[PDB]
Amino acid sequence: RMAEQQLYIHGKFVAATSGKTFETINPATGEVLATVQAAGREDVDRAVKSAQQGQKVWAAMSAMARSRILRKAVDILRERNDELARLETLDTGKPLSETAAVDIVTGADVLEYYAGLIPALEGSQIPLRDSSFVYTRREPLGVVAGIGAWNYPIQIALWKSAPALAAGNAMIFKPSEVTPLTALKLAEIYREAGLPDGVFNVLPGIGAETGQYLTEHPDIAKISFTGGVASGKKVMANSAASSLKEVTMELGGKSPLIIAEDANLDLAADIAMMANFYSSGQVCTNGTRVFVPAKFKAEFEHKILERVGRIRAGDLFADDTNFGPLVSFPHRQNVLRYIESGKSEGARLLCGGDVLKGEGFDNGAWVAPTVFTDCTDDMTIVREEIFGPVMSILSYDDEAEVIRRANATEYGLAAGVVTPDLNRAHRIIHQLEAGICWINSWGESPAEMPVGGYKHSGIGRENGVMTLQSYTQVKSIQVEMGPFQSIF
Amino acid sequence: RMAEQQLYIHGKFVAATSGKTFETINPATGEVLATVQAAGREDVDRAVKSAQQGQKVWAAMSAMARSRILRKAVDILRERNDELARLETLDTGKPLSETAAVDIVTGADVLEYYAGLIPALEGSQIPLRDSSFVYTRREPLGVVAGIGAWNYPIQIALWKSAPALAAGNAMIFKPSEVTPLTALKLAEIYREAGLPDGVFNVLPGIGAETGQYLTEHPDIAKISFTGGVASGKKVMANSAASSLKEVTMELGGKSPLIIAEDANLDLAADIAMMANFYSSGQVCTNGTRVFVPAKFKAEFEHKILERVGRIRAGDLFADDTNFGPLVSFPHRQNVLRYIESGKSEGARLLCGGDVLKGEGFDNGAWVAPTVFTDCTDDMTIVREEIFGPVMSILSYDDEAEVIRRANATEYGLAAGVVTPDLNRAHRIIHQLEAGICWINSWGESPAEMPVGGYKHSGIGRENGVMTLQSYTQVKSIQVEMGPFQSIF
Amino acid sequence: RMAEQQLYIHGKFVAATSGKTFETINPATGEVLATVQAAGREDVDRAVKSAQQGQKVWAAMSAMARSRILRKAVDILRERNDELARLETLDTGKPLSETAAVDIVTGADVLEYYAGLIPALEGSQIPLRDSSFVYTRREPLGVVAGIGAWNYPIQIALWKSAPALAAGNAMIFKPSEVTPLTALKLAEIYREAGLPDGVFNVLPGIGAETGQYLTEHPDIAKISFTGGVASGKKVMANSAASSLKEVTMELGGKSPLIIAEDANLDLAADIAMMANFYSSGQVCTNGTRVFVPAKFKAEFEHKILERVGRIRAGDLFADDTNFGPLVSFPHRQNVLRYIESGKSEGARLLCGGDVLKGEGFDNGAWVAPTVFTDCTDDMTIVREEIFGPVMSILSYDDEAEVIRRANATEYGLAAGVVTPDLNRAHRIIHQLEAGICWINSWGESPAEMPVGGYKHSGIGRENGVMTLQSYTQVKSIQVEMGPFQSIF
Amino acid sequence: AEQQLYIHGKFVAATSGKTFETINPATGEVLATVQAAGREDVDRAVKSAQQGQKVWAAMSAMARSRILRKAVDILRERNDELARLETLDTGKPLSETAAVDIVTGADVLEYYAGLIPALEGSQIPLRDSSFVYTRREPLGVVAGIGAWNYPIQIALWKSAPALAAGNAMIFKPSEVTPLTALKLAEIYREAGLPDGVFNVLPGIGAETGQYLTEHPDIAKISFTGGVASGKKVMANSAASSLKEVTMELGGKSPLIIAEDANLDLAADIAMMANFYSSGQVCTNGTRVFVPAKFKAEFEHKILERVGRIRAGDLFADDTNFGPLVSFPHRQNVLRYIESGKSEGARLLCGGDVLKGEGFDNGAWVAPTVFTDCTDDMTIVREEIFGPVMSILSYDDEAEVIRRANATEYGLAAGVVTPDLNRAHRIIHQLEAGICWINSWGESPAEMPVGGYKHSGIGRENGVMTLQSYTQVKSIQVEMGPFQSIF
Ligand SMILES: Nc1ncnc2c1ncn2[C@@H]1O[C@H](COP(=O)(O)OP(=O)(O)O)[C@@H](O)[C@H]1O
Ligand SMILES: Nc1ncnc2c1ncn2[C@@H]1O[C@H](COP(=O)(O)OP(=O)(O)O)[C@@H](O)[C@H]1O
Ligand SMILES: Nc1ncnc2c1ncn2[C@@H]1O[C@H](COP(=O)(O)OP(=O)(O)O)[C@@H](O)[C@H]1O
Ligand code: NA
Ligand code: NA
Ligand code: NA
Ligand code: NA
């Protein structure tokens with residue numbers, strides 16, 4: 001068990017004045033990992049006032065001075081990769097084989113990426129006439145808030161804080177109450193790297209209280225939220241009701257994976273496995289509707305069954321463990337309800353479908369990797385995001401049909417196609433209504449690549465150059481050197 | 001009085017199925033200009049289905065084919081400028097000297113600007129490694145909705161529809177119920193130019209009903225709103241509770257005009273006049289807080305008095321008329337209540353402060369050009385947007401003070417400084433919290449120049465290259481040519 | 001017989017003062033099309049003085065004013081497409097089936113493209129610190145010179161003049177002595193569209209005199225040259241010895257077409273035909289080294305021979321004529337010299353290889369469509385650009401080999417691959433050392449697509465947004481608002 | 001010790017059998033003997049660079065970024081050591097070399113290191129069945145030819161964008177100042193730069209430079225130097241393989257002092273624009289245009305400033321003026337100074353060599369100011385590249401603009417004025433690529449710099465220079481049926 005975790009405001013840990021606390025559990029064992037202080041409404045005001053003061057210092061530094069500080073944080077993150085991954089595994093239940101290879105690596109990658117782009121953030125100049133011209137500034141928004149999710153805690157904290165800080169802002173970050181521990185470590189790392197006090201403050205708390213106080217605060221200029229659709233709608237309402245904030249949202253999806261008729265089915269099965277069962281299915285971009293040609297459906301089902309048998313649940317710190325428990329018992333209950341709806345609605349259970357039992361599993365919220373086939377577009381498991389290890393296999397006959405069915409959804413996050421054919425790959429992908437599209441692969445999210453959802457799967461984007469710009473606001477300045485003429 | 005005006009859906013006028021109608025008044029005479037049908041919830045669904053069909057045709061065309069069609073619309077607008085300006089004057093009360101020289105000219109300027117940029121709308125390509133690369137597409141959002149305000153009806157309709165159409169979308173536009181007529185004329189012009197049926201539909205109606213049905217519709221991907229702060233929060237709230245849509249908002253302001261001690265007071269008075277009394281002060285960007293050095297206040301007040309004396313109210317179609325009535329009689333009542341609040345809080349009335357009377361004025365929603373001086377930051381007339389011909393003059397002593405007071409507001413739309421000093425002009429402008437900044441001028445809004453508000457004055461921008469891109473959504477596509485590795 | 005053609009300087013035709021003239025021949029008949037005056041040194045000086053005056057007027061106009069004038073020129077070009085194409089056919093010998101569908105259509109496409117981009121030509125702004133910032137202007141170079149080639153006379157004149165004029169420069173254009181007529185017509189069209197006098201001047205003449213005088217003139221800021229390698233070096237030499245001009249060159253190539261082992265051979269044959277025999281083989285981008293897998297070569301040869309037999313030479317104004325004579329009789333002698341070296345070096349003649357004879361051909365500079373096979377990389381017809389209708393078919397065994405051989409050349413203009421395989425298409429293309437690469441096609445050159453040569457095939461690029469910027473020069477301006485500190 | 005060539009990550013003996021010497025301009029003594037690269041050495045460097053470039057280009061963008069940033073960290077740590085070597089070779093005071101030469105060199109390397117991941121191509125849809133995408137590909141092997149006034153800074157300003165874009169660079173330093181370029185090559189290797197990616201070939205421009213410009217496998221030349229040498233480079237590159245050339249040449253930059261200017265500010269700007277690095281700077285504002293109504297006051301003010309100049313031991317902290325780069329160069333500066341007298345200019349100060357203990361053995365020229373200067377004097381029309389300020393009087397704004405512009409040079413320019421309109425209005429009409437308002441000499445990594453007209457071709461620094469070390473490849477994917485007309 002760890003020492004009680006405090007708030008991080010203005011370069012130091014500090015006690016909350018709310019008087020309230022909460023606990024974070026190890027989902028593998030059910031044991032209390034740490035007691036955590038919850039930030040109250042006055043704590044948020046203190047953090048904002050800290051952030052405002054830090055932001056002015058940060059923005060007044062040179063671009064390269066900011067770049068050097070963020071790269072020092074990158075170097076610290078590279079050195080502590082394994083220790084941070086272990087803490088992440090304890091807090092989330094994700095296997096160390098994942099956390100040590102993805103979470104901090106790809107979080108630091110994005111921070112490293114934006115650190116180098118700070119000097120390239122430029123405005124524009126526009127000649128109007130000999131006697132007048134316009135120039136623009138890309139100015140910081142000021143103080144922004146990020147609200148994190150629990151499936152990739154430190155990666156989300158880095159993907160939100162890196163462009164915000166690179167753009168000259170201070171960020172107040174509220175991690176998920178399920179997974180607050182790595183965000184506090186990151187705040188320490190930033191200060192050790194030289195980040196001015198107040199530029200990155202962390203306020204653990206519950207969404208109903210700490211999250212709401214951030215969305216309502218009048219001096220916060222932007223909210224960036226990753227999480228479930230329900231928590232997103234409230235954030236948008238209290239953010240609409242309160243001061244007019246720019247909001248960015250990354251929500252879930254029901255992303256289609258389209259297997260072409262010319263595709264190698266070993267590759268298709270491998271992609272489908274990686275698109276559904278990584279992080280035990282708790283990934284917004286997962287390809288949970290797998291469309292397979294009728295002529296290859298039976299063979300593909302066998303290949304999935306063979307691969308599902310290879311999934312190795314067990315000690316989360318063991319090298320060969322590649323499957324973990326779900327993050328909490330309530331989350332598993334929702335996944336189990338979807339599985340039962342699949343059975344009742346006439347889907348064919350190909351494997352899995354039950355909790356795991358026995359020594360090492362009875363204390364965690366384990367669900368067996370689950371695959372449904374003979375699925376139809378009207379089934380609940382096909383239409384709604386489950387956020388668990390549940391693959392739906394759907395049959396199709398022709399390309400126009402599968403494009404129509406892949407797009408027939410309010411979700412819009414990701415999509416993919418498996419095919420060796422040049423024309424088929426680009427032709428199909430160009431017609432899919434999704435922001436993130438993979439050809440003959442799944443899941444890779446380079447720092448250079450803007451990612452985000454179409455339709456109901458999000459607002460705005462993360463990563464890429466455009467996200468650095470989206471954490472600035474444009475000021476247009478006209479210099480009139482001619483004599484001004486009034487008609488009055 | 002005109003024949004009952006209908007909805008415009010899919011290239012033709014069509015009767016509303018709501019059974020509801022409303023009226024628009026000539027604010028110069030009190031007469032009913034026309035009865036206008038109101039779009040019901042089923043009419044909105046019809047418009048969306050029409051827009052979905054038209055958008056597919058429009059996006060399938062070549063970039064230059066879309067450019068040629070929009071440039072044809074520009075040519076029609078130039079030819080019909082005078083006819084359109086007269087209808088705008090009848091509907092808004094703005095003098096023909098304004099509508100014939102600004103409203104359509106600058107609206108058509110923006111459409112002409114975007115028509116030429118369509119072929120330069122490009123994605124990106126990013127090499128990851130020899131065996132994989134990413135490319136992006138800037139895809140249409142699909143169907144978007146624009147909600148217009150009443151002060152610049154046809155200019156707003158063009159500033160919203162031009163980037164939306166240039167980016168490959170269809171727009172459903174809801175004009176303000178106070179001024180619905182010119183938007184319906186615009187729809188016929190677009191069709192005459194060759195715009196495919198459905199790409200620009202106009203649905204007159206009320207904000208509470210028609211506006212809400214648009215903000216609620218699940219198949220509209222973006223809302224662009226121009227209006228008051230109050231209605232904007234509802235739009236964002238209703239849009240939040242409903243389908244998760246991209247939002248752009250251009251709201252009001254309380255923009256400061258900072259007269260420096262080295263300013264020519266004749267130039268400063270001319271700028272102050274144009275920033276307050278054009279369009280009878282019904283302009284979101286107006287510089288309604290005029291900061292003048294104490295040492296110059298009395299002389300500046302005299303120069304202002306001279307310019308108010310030159311204002312020529314009268315028949316809106318006369319060439320010499322440069323001041324009109326307010327857009328409606330209810331709006332005049334709101335402006336009068338602000339004027340009474342100024343007297344009751346002790347602001348000194350320098351001129352105006354009453355309705356205009358006599359033949360040709362007693363029937364119009366006229367307010368005299370009004371100037372309050374000896375104004376203080378806590379007064380209601382200084383804190384709240386009036387949207388009428390009411391200038392507030394505030395004394396200041398030093399630069400740091402005027403920057404703090406200029407910035408001490410929830411509004412953030414525009415700002416300006418009058419000074420011949422190089423350092424003072426840029427130094428002040430860089431510290432002001434506003435998106436639109438004029439040095440030694442006011443009011444010019446080139447098509448190339450992004451415009452929009454800080455803080456509560458808006459979300460996003462209009463005009464400039466960035467606004468064309470903001471009407472597309474980014475799709476990132478990874479081509480993996482190497483062997484895919486599954487960990488399962 | 002046409003009237004004697006004069007120089008076009010400052011908006012009017014004017015007599016040369018050289019005392020020298022030349023004749024242009026109709027290559028289908030041998031007859032003199034027209035006598036054309038040649039510009040001497042004083043004529044070039046006169047053109048520069050005219051250009052300097054006109055450039056100032058042109059650049060002082062608004063961006064949109066320039067845009068509208070160029071679009072008016074586009075409209076005239078569309079209206080006169082057939083008339084201009086017939087003149088081009090008379091001067092060049094290319095079939096009307098080409099000239100009326102390509103030459104002016106794609107020339108006007110580029111002018112239309114750049115006309116719309118003028119308002120998006122923008123500088124940048126870079127904040128250094130609170131007290132200092134930088135902004136940049138993209139200023140016109142001034143007077144630039146274009147030197148055209150004879151194979152696409154009016155297209156080259158448009159591709160060079162469109163970005164130069166759109167960037168605010170004046171251009172002096174020197175057409176090839178072989179094909180001077182359409183350039184003089186283009187000058188008349190620009191004037192009729194409203195181009196200020198002097199902004200586009202045309203000086204027919206010979207390269208050794210008129211061309212050299214332009215490349216040597218101290219007041220020309222940039223040279224753009226399309227032509228053969230030998231003439232380019234002369235241009236580059238005279239430009240270096242003289243005032244320090246920026247040079248751009250589009251020279252020839254020996255571009256490879258790589259047919260993959262999985263390619264459909266009918267598609268491969270159609271692409272190879274279009275890559276070799278359009279415009280009678282007189283195209284810099286032609287795919288004159290056709291690489292075919294050994295196991296498919298015999299079948300590919302059969303398909304080529306069946307298509308070559310469909311080629312229809314004849315009256316250049318007949319709808320079904322798709323093959324024309326070469327541009328001149330001296331050029332035919334060079335092509336015949338290359339054909340004889342192919343025979344003498346042991347390449348196997350598969351078809352053609354001789355002049356065409358009989359009624360209608362005896363007076364034209366006709367060469368039969370010629371195909372060699374069993375070619376090796378050391379043969380002269382494989383190593384050197386012929387600029388005639390001569391295809392070389394080379395066999396290969398594996399992908400690494402064909403890439404090495406495709407790249408083993410000093411030329412670098414174009415390349416292509418025929419394959420339905422996604423990985424193969426991108427993987428091969430990424431390794432080819434050429435600026436213009438076509439997958440499963442040949443020859444399309446969209447206005448948006450930058451085109452130019454690697455290695456010895458060119459310097460710089462044409463088309464695309466980057467070419468508009470390359471006709472401006474950057475001025476960086478630092479505004480220092482802080483106190484300057486001297487160490488002395 | 002006999003300095004050698006640097007090829008493929010090690011020092012190697014030249015195969016020319018030729019050598020040259022570099023002199024310490026403060027003492028006249030030989031600093032070092034340096035081997036000169038011959039034609040076989042150039043072919044060696046190119047062949048090594050071709051092999052190294054593929055390894056370098058095959059790495060990830062961030063892998064290249066990290067290596068270049070490691071070089072930055074080494075340069076910072078070795079700033080003082082490198083600065084001292086620069087002082088010995090160039091004669092610039094340590095107060096300059098330790099504060100500018102490596103600092104601003106590393107700044108550009110650091111800047112470009114961060115931009116590598118943002119180097120992107122484009123994608124253009126043509127129709128549903130076809131689209132285009134572009135790659136920004138390395139040119140391959142490029143060559144840089146450096147000047148002697150800022151040896152290591154030029155090496156960094158040329159090599160940083162070239163390497164960041166994925167190329168290998170062969171750098172030929174000036175024979176006057178070859179030493180710091182060889183240290184940089186060592187630093188790059190220590191940082192992990194693949195062997196061959198940065199090769200250094202000291203030599204003479206008549207030989208070594210020509211062999212680079214003539215080599216058929218070099219895709220681009222970037223040259224900084226004098227106009228005459230540049231024209232020879234461009235000729236030899238013309239006669240040879242078709243290379244993209246970039247040139248940063250000299251200038252006769254005008255410094256325009258307005259009627260509302262503070263003359264204390266103007267005099268400080270004029271001092272830094274003329275006498276930094278002993279006036280051997282291409283961007284120096286050697287023509288100082290001053291209003292007649294103020295000339296006398298500005299002159300007094302110039303004499304006051306010139307009096308604080310502290311020549312002396314180049315390693316002393318308070319020294320701010322050094323000798324010229326070579327005694328032969330000193331003669332040319334003195335030849336121009338004598339022409340001002342012969343042409344009638346009034347000598348306000350300087351104009352001779354410096355004498356006495358510590359100066360008789362150095363290549364010192366006194367800080368020189370002429371006034372009563374006219375637009376026709378040689379010293380006003382031609383670049384001297386020494387500590388010689390020319391003061392010129394003017395009467396109206398149009399005159400000073402036309403006179404400022406009445407030159408074939410186009411490198412830099414400046415205006416001193418507190419008035420908003422005058423600064424922008426004047427600067428927008430001046431024909432120069434580098435314009436300073438109320439300052440002089442600052443050259444941020446973000447800011448493109450280069451000459452109008454005869455003062456240069458192309459630009460250095462800024463994002464645009466990273467792109468200019470790439471070449472665009474356009475790729476059309478045609479997914480529709482291809483139609484032949486035959
Ligand atoms: N009303 C709210 N306002 C702000 N943040 C909230 C709100 N409700 C939840 N959150 C926060 O949003 C993030 C993601 O919540 P999520 O996991 O999607 O929902 P839930 O906890 O209801 O399953 C967490 O940080 C959570 O505390
Ligand atoms: N709740 C709403 N939802 C959508 N549109 C609305 C709403 N309220 C007002 N609008 C519309 O917004 C535009 C600007 O409204 P505004 O003048 O600020 O409010 P109102 O017209 O209600 O006084 C008009 O077209 C108006 O009808
Ligand atoms: N003809 C030439 N070809 C190539 N490089 C040359 C040539 N002449 C001089 N250089 C080189 O150009 C750089 C700058 O030369 P610069 O000082 O302008 O000329 P100079 O040699 O007359 O002093 C040095 O590296 C020099 O050796
Ligand atoms: Na936990
Ligand atoms: Na009305
Ligand atoms: Na001819
Ligand atoms: Na030396």
# chains A, B, ... in the order shown; residues from 1 in each chain; ligands from 1

$ residues_around --residues "residue 146 in chain B" --least-positions-apart "3" --cutoff "12 Å" --atoms "only C-alpha atoms" --output "PyMOL selection string"
chain B and resi 143+149+153+156-165+169-176+183+200-204+207+210-212+214-215+220-227+235+246-250+471

$ interface_residues --of "chain D" --to "chain C" --cutoff "8 Å" --atoms "only C-alpha atoms" --output "PyMOL selection string"
chain D and resi 124+132+219+231+234-235+238-239+241-244+265+268-269+271-272+305-306+308-309+320+427+432-439+446-449+452-454+456-457+471-479+482-486

$ write_last_selection --atoms "C-alpha atoms" --output "mmCIF file, in the first residue's frame"
data_model
loop_
_atom_site.group_PDB
_atom_site.id
_atom_site.type_symbol
_atom_site.label_atom_id
_atom_site.label_comp_id
_atom_site.auth_asym_id
_atom_site.auth_seq_id
_atom_site.Cartn_x
_atom_site.Cartn_y
_atom_site.Cartn_z
ATOM 1 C CA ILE D 124 -4.710 16.006 -53.452
ATOM 2 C CA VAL D 132 -2.235 12.353 -55.862
ATOM 3 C CA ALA D 219 22.649 17.361 -56.240
ATOM 4 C CA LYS D 231 30.048 33.600 -60.074
ATOM 5 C CA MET D 234 27.816 29.072 -60.630
ATOM 6 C CA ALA D 235 29.721 28.882 -63.927
ATOM 7 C CA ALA D 238 26.478 25.282 -64.970
ATOM 8 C CA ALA D 239 29.128 23.720 -67.193
ATOM 9 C CA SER D 241 25.942 18.382 -63.877
ATOM 10 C CA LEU D 242 22.657 20.216 -63.362
ATOM 11 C CA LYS D 243 22.717 21.233 -59.701
ATOM 12 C CA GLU D 244 20.420 23.390 -57.621
ATOM 13 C CA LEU D 265 19.786 54.651 -30.609
ATOM 14 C CA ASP D 268 24.417 52.336 -31.362
ATOM 15 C CA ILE D 269 22.705 50.575 -34.264
ATOM 16 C CA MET D 271 28.136 50.897 -34.510
ATOM 17 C CA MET D 272 26.873 47.312 -34.344
ATOM 18 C CA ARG D 305 30.930 55.496 -29.475
ATOM 19 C CA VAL D 306 34.071 54.768 -31.524
ATOM 20 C CA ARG D 308 34.894 53.198 -26.319
ATOM 21 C CA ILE D 309 36.122 50.513 -28.731
ATOM 22 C CA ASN D 320 35.469 44.022 -28.398
ATOM 23 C CA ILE D 427 10.809 48.773 -45.227
ATOM 24 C CA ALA D 432 16.407 43.625 -49.470
ATOM 25 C CA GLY D 433 15.693 40.223 -47.968
ATOM 26 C CA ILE D 434 16.705 41.026 -44.378
ATOM 27 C CA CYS D 435 15.140 44.130 -42.835
ATOM 28 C CA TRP D 436 15.606 45.363 -39.264
ATOM 29 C CA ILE D 437 13.458 48.042 -37.600
ATOM 30 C CA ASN D 438 15.156 49.817 -34.677
ATOM 31 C CA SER D 439 17.846 47.131 -34.433
ATOM 32 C CA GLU D 446 13.065 30.864 -37.497
ATOM 33 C CA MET D 447 13.716 33.779 -39.861
ATOM 34 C CA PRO D 448 14.563 33.148 -43.544
ATOM 35 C CA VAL D 449 17.596 35.166 -44.599
ATOM 36 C CA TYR D 452 17.659 40.258 -53.316
ATOM 37 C CA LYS D 453 19.181 40.854 -56.776
ATOM 38 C CA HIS D 454 22.964 40.225 -56.891
ATOM 39 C CA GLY D 456 22.179 35.940 -53.268
ATOM 40 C CA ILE D 457 19.995 33.144 -54.564
ATOM 41 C CA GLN D 471 12.815 17.370 -53.671
ATOM 42 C CA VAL D 472 9.141 16.804 -54.365
ATOM 43 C CA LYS D 473 8.011 13.504 -55.866
ATOM 44 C CA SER D 474 4.399 13.538 -57.084
ATOM 45 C CA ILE D 475 2.596 10.193 -57.240
ATOM 46 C CA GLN D 476 -0.752 9.675 -58.966
ATOM 47 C CA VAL D 477 -2.790 6.617 -57.985
ATOM 48 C CA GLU D 478 -5.229 5.932 -60.828
ATOM 49 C CA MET D 479 -7.897 3.511 -59.616
ATOM 50 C CA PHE D 482 -7.041 3.749 -68.057
ATOM 51 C CA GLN D 483 -8.182 4.785 -71.532
ATOM 52 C CA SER D 484 -5.818 4.728 -74.492
ATOM 53 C CA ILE D 485 -6.690 6.589 -77.681
ATOM 54 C CA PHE D 486 -4.656 4.119 -79.771
#

$ residues_near_ligand --ligand "ligand 5" --cutoff "7 Å" --atoms "only C-alpha atoms and all ligand atoms" --output "PyMOL selection string"
chain B and resi 24-27+33+91-92+178-179+327

$ write_last_selection --atoms "C-alpha atoms" --output "CSV table (one decimal), in the first residue's frame"
chain,number,residue,atom,x,y,z
B,24,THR,CA,-41.4,40.5,-40.7
B,25,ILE,CA,-41.8,44.3,-40.3
B,26,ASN,CA,-40.3,47.3,-42.0
B,27,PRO,CA,-38.7,49.1,-39.1
B,33,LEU,CA,-43.1,43.5,-45.2
B,91,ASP,CA,-36.0,44.4,-44.0
B,92,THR,CA,-33.3,45.7,-41.7
B,178,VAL,CA,-36.6,39.5,-38.0
B,179,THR,CA,-34.9,39.5,-41.4
B,327,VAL,CA,-34.1,46.7,-36.7

$ residues_around --residues "residue 194 in chain B" --least-positions-apart "2" --cutoff "9 Å" --atoms "only C-alpha atoms" --output "PyMOL selection string"
chain B and resi 69-70+72-73+189-192+196-197

$ write_last_selection --atoms "C-alpha atoms" --output "mmCIF file, in the first residue's frame"
data_model
loop_
_atom_site.group_PDB
_atom_site.id
_atom_site.type_symbol
_atom_site.label_atom_id
_atom_site.label_comp_id
_atom_site.auth_asym_id
_atom_site.auth_seq_id
_atom_site.Cartn_x
_atom_site.Cartn_y
_atom_site.Cartn_z
ATOM 1 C CA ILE B 69 -20.377 27.411 -59.895
ATOM 2 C CA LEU B 70 -19.607 29.568 -56.846
ATOM 3 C CA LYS B 72 -21.133 32.301 -61.192
ATOM 4 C CA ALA B 73 -23.108 33.004 -58.013
ATOM 5 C CA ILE B 189 -29.166 32.775 -56.945
ATOM 6 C CA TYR B 190 -27.146 29.713 -55.932
ATOM 7 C CA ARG B 191 -29.452 27.435 -57.923
ATOM 8 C CA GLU B 192 -29.336 29.762 -60.928
ATOM 9 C CA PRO B 196 -26.970 21.109 -57.172
ATOM 10 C CA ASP B 197 -30.405 20.828 -55.603
#

$ residues_around --residues "residue 253 in chain C" --least-positions-apart "4" --cutoff "7 Å" --atoms "only C-alpha atoms" --output "ChimeraX atom specification"
/C:284-285,385,411-413,457

$ select_by_dssp --residues "range 63-171 of chain B" --states "helix (DSSP H, G or I)" --output "number ranges by chain"
B: 63-79, 81-92, 96-120, 153-166

$ residues_near_ligand --ligand "ligand 3" --cutoff "10 Å" --atoms "only C-alpha atoms and all ligand atoms" --output "number ranges by chain"
D: 144-149, 151, 171-178, 202-214, 223-237, 248-250, 328-329

$ atom_distance --atom1 "CA of residue 283 in chain D" --atom2 "CA of residue 441 in chain D"
7.2 Å

$ residues_around --residues "residue 375 in chain B" --least-positions-apart "2" --cutoff "10 Å" --atoms "only C-alpha atoms" --output "PyMOL selection string"
chain B and resi 289-291+342+345-349+372-373+377-382+392-395

$ write_last_selection --atoms "C-alpha atoms" --output "tab-separated table (two decimals), in the first residue's frame"
chain	number	residue	atom	x	y	z
B	289	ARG	CA	-16.06	51.46	-24.67
B	290	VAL	CA	-13.95	54.42	-25.78
B	291	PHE	CA	-10.95	54.94	-23.53
B	342	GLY	CA	-26.95	55.07	-17.87
B	345	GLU	CA	-26.12	55.33	-12.55
B	346	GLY	CA	-24.86	58.86	-13.12
B	347	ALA	CA	-23.24	58.70	-16.54
B	348	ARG	CA	-23.20	62.17	-18.11
B	349	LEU	CA	-25.36	62.35	-21.25
B	372	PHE	CA	-22.39	58.88	-22.40
B	373	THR	CA	-19.22	60.19	-20.79
B	377	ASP	CA	-16.25	50.16	-15.49
B	378	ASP	CA	-19.02	48.97	-13.15
B	379	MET	CA	-21.86	50.71	-14.99
B	380	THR	CA	-24.43	48.55	-16.76
B	381	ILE	CA	-24.04	50.45	-20.03
B	382	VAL	CA	-20.29	49.77	-19.90
B	392	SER	CA	-19.50	55.17	-23.69
B	393	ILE	CA	-16.44	57.35	-23.04
B	394	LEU	CA	-14.12	56.33	-20.19
B	395	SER	CA	-11.15	58.30	-18.87

$ atom_distance --atom1 "CA of residue 296 in chain D" --atom2 "CA of residue 258 in chain D"
14.7 Å

$ atom_distance --atom1 "CA of residue 55 in chain A" --atom2 "CA of residue 199 in chain A"
5.7 Å

$ residues_near_ligand --ligand "ligand 7" --cutoff "12 Å" --atoms "only C-alpha atoms and all ligand atoms" --output "PyMOL selection string"
chain D and resi 20-34+85-92+147-151+173-180+323-329+362-363
